[PDB]
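> Sequence first, structure after; it's an experimental one.
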Amino acid sequence: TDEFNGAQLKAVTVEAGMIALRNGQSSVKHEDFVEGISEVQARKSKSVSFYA
Amino acid sequence: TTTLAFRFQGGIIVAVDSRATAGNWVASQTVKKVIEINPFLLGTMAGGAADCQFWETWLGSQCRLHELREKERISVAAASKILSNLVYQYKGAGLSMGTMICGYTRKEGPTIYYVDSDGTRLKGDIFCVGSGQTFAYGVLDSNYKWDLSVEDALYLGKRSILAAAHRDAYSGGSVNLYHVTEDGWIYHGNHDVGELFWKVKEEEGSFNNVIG
Amino acid sequence: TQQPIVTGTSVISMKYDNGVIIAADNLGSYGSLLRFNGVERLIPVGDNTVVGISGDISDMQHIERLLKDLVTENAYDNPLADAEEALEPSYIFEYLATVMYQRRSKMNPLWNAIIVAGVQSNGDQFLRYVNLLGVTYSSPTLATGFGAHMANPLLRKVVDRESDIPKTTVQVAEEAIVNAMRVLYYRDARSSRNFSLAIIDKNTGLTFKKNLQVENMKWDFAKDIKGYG
Amino acid sequence: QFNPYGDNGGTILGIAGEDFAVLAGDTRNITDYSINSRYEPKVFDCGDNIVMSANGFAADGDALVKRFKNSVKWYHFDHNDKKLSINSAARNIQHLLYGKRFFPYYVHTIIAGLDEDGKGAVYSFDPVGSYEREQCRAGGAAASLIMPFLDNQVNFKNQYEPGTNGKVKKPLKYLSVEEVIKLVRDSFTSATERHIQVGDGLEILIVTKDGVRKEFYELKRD
Amino acid sequence: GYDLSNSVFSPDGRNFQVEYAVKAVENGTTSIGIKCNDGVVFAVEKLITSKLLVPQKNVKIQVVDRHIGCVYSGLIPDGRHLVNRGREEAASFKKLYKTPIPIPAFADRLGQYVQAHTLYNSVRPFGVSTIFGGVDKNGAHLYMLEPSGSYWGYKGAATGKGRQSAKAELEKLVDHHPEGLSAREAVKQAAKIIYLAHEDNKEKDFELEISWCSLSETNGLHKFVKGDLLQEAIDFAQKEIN
Amino acid sequence: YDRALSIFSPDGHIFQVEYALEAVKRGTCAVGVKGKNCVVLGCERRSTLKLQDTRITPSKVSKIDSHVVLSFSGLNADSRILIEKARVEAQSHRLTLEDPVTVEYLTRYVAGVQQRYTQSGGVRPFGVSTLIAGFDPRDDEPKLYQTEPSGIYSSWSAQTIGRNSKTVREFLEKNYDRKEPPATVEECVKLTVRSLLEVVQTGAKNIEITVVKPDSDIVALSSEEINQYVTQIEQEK
Amino acid sequence: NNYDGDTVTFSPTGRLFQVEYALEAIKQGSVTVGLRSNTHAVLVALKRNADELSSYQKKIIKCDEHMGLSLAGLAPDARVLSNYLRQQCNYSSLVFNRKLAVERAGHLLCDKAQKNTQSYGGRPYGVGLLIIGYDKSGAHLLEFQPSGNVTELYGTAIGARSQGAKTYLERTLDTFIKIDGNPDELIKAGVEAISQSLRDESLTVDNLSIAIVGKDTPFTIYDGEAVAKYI
Amino acid sequence: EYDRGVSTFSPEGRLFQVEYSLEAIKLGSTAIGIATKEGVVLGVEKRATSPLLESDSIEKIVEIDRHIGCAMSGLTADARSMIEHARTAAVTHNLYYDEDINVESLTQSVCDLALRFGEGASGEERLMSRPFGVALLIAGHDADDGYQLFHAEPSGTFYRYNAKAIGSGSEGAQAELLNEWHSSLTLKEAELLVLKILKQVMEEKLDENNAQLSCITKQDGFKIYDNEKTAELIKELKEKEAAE
Amino acid sequence: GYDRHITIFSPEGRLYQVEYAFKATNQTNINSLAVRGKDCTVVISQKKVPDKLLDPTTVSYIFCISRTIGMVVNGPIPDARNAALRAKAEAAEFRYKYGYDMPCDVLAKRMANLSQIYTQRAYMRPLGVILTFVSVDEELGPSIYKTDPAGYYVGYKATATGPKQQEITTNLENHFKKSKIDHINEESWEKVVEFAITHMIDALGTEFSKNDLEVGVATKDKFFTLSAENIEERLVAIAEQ
């Protein structure tokens, strides 16, 4: 994470535990937090048009 | 050097030489005095080699930007008078040019214009341009008639360049014959002037100054 | 249009197995009148290349500064390769060549002859040629001015071509250079006693020995020319 | 006075085969009566099995090697790995030539390579522009000495079939890459004794789609 | 309003855009300039952001002429543009007056250039401070040039995050030697106050770079401090801070 | 200067092109109907006003070429600039290519004037749409084109621009067939008079009719001629 | 909104926000991971198609026979920068008879971006280039930010999920630097590097695009079944 | 806000005026382009707005050169600028090299033109203040890659496709194309395919006064199918849709 | 709107952008005092340096624009340098085209005209410096012309500049009231320095040092500055008055 305050950091953590919920896990794994970072960011984009 | 075009009934016959010398030395015998401006227009190569050939490649560019832009096939008058104003821009830049643009349209008919280096453009029905235009003229214009057949017209193009080749030094090499129709020019191939000589000495009975 | 103003003449040069010897007269000619003496024209650029120039001093001096500024550019950035792999004779040759080419375009030329000679950081000898025309060739011996048809023939005995270089060494080269500089002093009116001799060796680098004199000149047969009467 | 052009001599010879091409020339470079160099080809590979020589003046003739080799690069870049054809090469050059015509080049330029049918193609340029295909073309300061012999051995110029006595002309006979080695050496051998811009070395470059082969032969010192 | 551009102005004397631009320099790398007797000794804190980096292969020290070190902080592209400009100015002086540009003369030209961008809204002000000096014919000098277009002589200067620590010890360095100190000794003192100014950057790790232009050692040429001498400086600074 | 007076909008438009078309709507109505032997451009004049000398007052139809006529709707200031550039271009074609311009060539040319200022900044587009009509040399084919300030052009069998263009166009759906144009010159002329008599009305004062007949024959039918045509239509109706 | 629409301003924090916006082109963009030894440099880019009918977009541009750049942001911007490097490469050949050094060419590229960031109506270039090449100082790997700044590394990445790739390269860091003269190993490790940049995007031989330049290898782009020697 | 500039971003991270231009292609009538390795067919919806319209001298089919064809969709005022430049580009290559230009190479040249917006950005001569609002389907044939079909954006970016439809019916057309395209489609089976897909997105009756066909073949060059032949094929669609 | 953000007129008819320039020249807190002698013109100015790590010798505000004409600057040093550069260029130019060096009067007028042009342009910011030009001309004698950021200038008997300059005015006014002439009747230039220092101490209440002073003297046909050693001789000479 870079340039993140508690409000931004909090969104990652909660969001990690919804991937955990869907997956049907009982323990939240490291990767999930790592995946949770990229949803608060500017991407959820895997789009191609002219900025890929 | 000698380049001629004459209108008749089937269109225009272009006949040119191919010996393009350097001076006292004959640089090449293979130099083609035909310049394919596109499939429907022909340009002769007379004057300086470089200049005359070059800008009629760029005339084909202006041919294809006529075709595109107007969605029509270019008038002969339109082609000729493009090249004309261009060489006026270069008039006293020392570049030399003499070409007969030959074309046959359905909205102007067969038409020759002889465009020249000075910004002179002349409409016309027969021209002969070159070092040896005078020699070729004599044969052609005696036996000239507007009513004429394709065979006779072809044989007169061969014979006229042949006469130039005989007397003038810078003519010779090879002939290339085109028969301009409205569907385009038909190529009638390359004939060497040195094989052509001995056929014509036998068949006409001409060239009686040559000892044989 | 250019008119030659102050001119200098004669640089000779030859290869040998491990390096080159390039040497020049020093004297500013101004035609038959001679106005400068001891004018250097071996301009060292880098520390393993001498660029040996003849023709106009003015043009030589204006590109003398530009030659120092290439080294300045090379030392801008690349702390690992500010002369080690950013300077070789082949680069210094090309830099010079396109400036003279562009001025021949103008019609307002740099009126010079130029030898660029040195040893590369590949470790291989270098000897190329450029001028106000802006022709370019490589060679095994090379020269300028009056020595491009006097001295240069004497050196062509010594090294015939690019496979006679290992048959030539620095003592045999040294002599050949001495001889050549002596010969130039006799038959040229524009060559003097001072000459500076630079050897660029790959085992000892740029050894630039300055202000050598002509020695063992013969002028003792001069009495045995008599009059015509 | 400053004179903006000169010469440097040299003699080149480009021969088109029936499946090979050969662009050769001497490696002697001169100015007036000084031999500048005994060794120095102007016959540069340029990429894409095209070999170029712009022979005559050396200052111009290096200008066209530069800009042409720039065009090779930029063709691949701007036509995305489309190879420069023999045809493509000829016309590009024309444009470079024509581009200085009021301050014209003073070289005789030649390219050689094979065409797309796998036969030789030789184009040869006048100093200011246009080109026409050849099958034999000499150029350089000794052009007119090697040229009329190459026409008598390739194109069979002024030869007739024996015992016909000029009734039947002499037709073409398909050539060999070895065979053309013999023609080129015998001509430049004549060239060394009968012209003075010729000697020291000869380098024949043979070009096919099977490689570019170099051959260095030494000549006579004068 | 009066903060939209740089040729808006306010009754407060502030120009806003320019003051804002100094904040980039104040969050730049620590860089120092020590005025010595024989020359100047520059040193710059080079942050090591990752183990992936190649050490001593990225520089913020570019030479101008053959005798002017220049080291800058703030926005690296912008500073590299300012140094690029001043390499031309040095070449121009050398062309016209046939001498390597004097350090006071070099400062004058740069100040004009930086002035121009605060007088027009159609170009953007600069946000870098450069520290440059060397050895010329009028002696050794040291200048720091603010993005405002202001410069002065300096007996010590600093910029970047760790400027507080550096300056405080530069006062003590001038109180150690009020009659000035050797360039050679100043290598070890430049090391020491970069190490103390890395206590403002102790969440980070660093590489010590030192460069000099001094008459005594480098003969008035700007060179880099490297090898065993560089390592000696590191060992010196290490023991002092321990 | 290059500060945008044309800039892309979040609607996929430029605002000023939309505005330009409303400027042509407020303009006077020009109708174009082509026969099998003529083109007819009749236009609404604002010659209702008294103390006006119409001899020296600009017409709403200006010939650009011997066989190419141009009518316009929108601003009258803007239109004259297009008419001057068009004429200069026409004589250039005669100079370098010979022959007068084709109608299609002029249609493209006026369109290209609008096009340039749509894309570039520091310039606004014109608020003027044209009906360019005529014949080509050695052609008896009537040509009727419409160009608009967008930079687009379209050919039409019949068309109308200016105020109440929808109303006239609706009338022309029943009074004009794509298959069958007006057979004669006179029925084409009376059809254009008939279309004008819907909105324009008010005698032959404000009604103008210009007829171009094949290969450079331009005649303008005076108010007296128009009055006769009006009376016949009125009586018949 | 007074510093986020203009390119000629600061910005109370000493920034320009247009540059930060240009760095979001990298996040949303495609990924490429570069790693070098000392004897070979390697760019391994993940190509991305629009749809099945659509082709895959080449993310590596050959700039020279010893130089190549790869995009990870704005495509129109890459066409400006690619041409500019080629122009300067030919300038080096012409003037100094020399290849254009990778180190030098980064500094030129830097200042070219800078003067459009200065000017009003300008733009920062949102493309991020990774520029490899082999010069006279060995292999080089440069990372070009939207800022214009060039940095030198033995392994880097830009694009989406760059962090996973850099973790992989930091572990294997002293393995791959001390493998030299074997381009194959470096390439295989770059396929594995960019397998950490996935998030169920998979890897196939029509998504994998490798290009290398060596001491004795020119710039060459492997694709098709020439990347099936590593898958 | 983020479009008042002449080139400005965008908290998303990609240029804003360009984004609008891509969503202005949809405004234009449908242009379909189906490429096979037996030739490429381009079909277009001409649009008829009145029976007073003369629609047979209106088309969105334009010849770039003999061996390259183009279909344009979007705002067609913008495409007038682009088509002129394209024609010049093609001619330039045959002037300079006496050679036919690649389809890829031509597309790339028109992409270079498309980026020319801004009035203070880059080193190039700027002559737009805003990007073009038109997308092209450049079809063609080169002898180095056979038949090719490219989709060129107003962005200045290009993708090679095997079938792409743009315009109003872009989404509903392309839904079919993903499943229905394969490489064993011949030129004539492609030709009837165009008309079937065009019928679904046709907002009128399918007929030849609101549809125009064109091919690009190596053998016959760029030929625009006359309305007689176009009409014939349309009637043969309605028979084969009753063969279901 | 923009009647205070650029140099356009307001409903008041007063240019607010221009006013702001004068509200930045007194924020550097440098005072100057300039007096005309009987054969010289002397200008002394503050040179407060509060740092150990700034070299005080290079901190200066007296720039020699001609060999005879000094210029003392009150206000920001970027704008000072730009105005100095421009003035030097013009003074040289005047020699070149008119065959004699630029007068003090006309050099003042030239910078004055450029200042107006900089407030005519709406994208150009004026140089926010008050420039005092001291000389001894041979056609105007001992002279002071003081230009200001707007583009107004006039001659002076004596003048002061800075925030505390009103106090300086009081001293000067008394001096020329009693003498009943426009200059100091003192025939030694050194003693005009001594006098100037005395009135600076009187006005501001501040006791000066040699490193708080910087002195420029235009005598006839040359301009020089005193070094801190020479200024110390003057400070000792106050005790001998």
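Thanks, I have the structure now. Numbers count the residues shown, from 1 in each chain, chains lettered A, B, ... in the order given.
> So what's the residue count around the residue of chain B found nearest chain A?
The minimum distance from chain B to chain A, using Cβ to the nearest Cβ, falls at residue B:68 (29.2 Å). All C-beta atoms are positioned from the backbone trio N, CA, C, and that covers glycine. Neighbours of residue B:68 under the rule other Cβ atoms under 10 Å in any protein chain shown: 19.
> The helix or strand encompassing it - contacts with which helices or strands?
Assigned by DSSP states H and E, residue B:68 belongs to helix B:49-70. Counting contacts by 3 or more Cβ pairs under 8 Å, 6 or more residues apart in numbering or on different chains; DSSP states H and E, helix B:49-70 is packed against strand B:34-38, strand B:41-44, helix B:76-89, strand B:98-105, helix D:86-98, strand H:61-65, helix H:79-97.
> For chain F, what lies in contact range of chain B?
Residues of chain F lying near chain B by Cβ under 8 Å from any Cβ of the partner chain: F:95, F:96, F:97, F:98, F:99, F:102, F:105, F:138.
> quick one: which of those is nearest chain D?
Out of those, the member with the shortest distance to chain D (by Cβ to the nearest Cβ) is residue F:96, at 23.2 Å.
> Report the contact partners of the residue of chain B closest to chain A.
H:63, H:65, H:87 (Cβ atoms under 8 Å, 6 or more residues apart in numbering or on different chains).
> hmm, try it at 7 Å
Going by Cβ atoms under 7 Å, 6 or more residues apart in numbering or on different chains, residue B:68 touches H:63, H:87.
> just residue I:24 next, same as before
E:13, I:75, I:76, I:128.
> now do residue F:8
Applying Cβ under 7 Å, 6+ apart, the residues near residue F:8 are F:14, H:17, H:20, H:21, H:130, H:131.
> need these in TSV with secondary structure, neighbour count and distance to chain E, can you?
Below are the contacts of residue F:8 laid out as TSV (DSSP: H, G, I helix; E, B strand; the rest coil; neighbours: other Cβ atoms under 10 Å in any protein chain shown; distance: Cβ to the nearest Cβ, whole Å):
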residue	secondary structure	neighbour count	distance to chain E
F:14	coil	24	25
H:17	helix	24	21
H:20	helix	20	27
H:21	helix	26	27
H:130	coil	27	21
H:131	coil	28	23
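> Now flag whichever of the residues of chain F next to chain B is closest to residue F:122.
Nearest to residue F:122 among the residues of chain F next to chain B, counting by Cβ to Cβ, is residue F:105 at 28.2 Å.
> Kindly confirm my reading that the closest one is in a helix.
Yes: under DSSP: H, G, I helix; E, B strand; the rest coil, residue F:105 sits within a helix.
> what about the host helix or strand of residue C:64, near chain E?
Per DSSP H and E, residue C:64 falls inside helix C:57-75. Yes: using Cβ under 7 Å from any Cβ of the partner chain, helix C:57-75 reaches chain E at C:65, C:69, C:72, C:75.
> want to try a markdown table for those, with distance to chain A as columns?
Formatted as a markdown table, these follow (distance: Cβ to the nearest Cβ, whole Å):
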| residue | distance to chain A |
| --- | --- |
| C:65 | 48 |
| C:69 | 43 |
| C:72 | 40 |
| C:75 | 37 |
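> Return a PyMOL selection command for the buried portion of those residues.
In PyMOL, a selection of the buried entries from the residues of helix C:57-75 next to chain E looks like this (16 or more other Cβ atoms under 10 Å in any protein chain shown):
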select buried, chain C and resi 69+72+75
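> Among the residues of helix C:57-75 next to chain E, which one lies nearest to residue A:2?
residue C:75 (37.0 Å).
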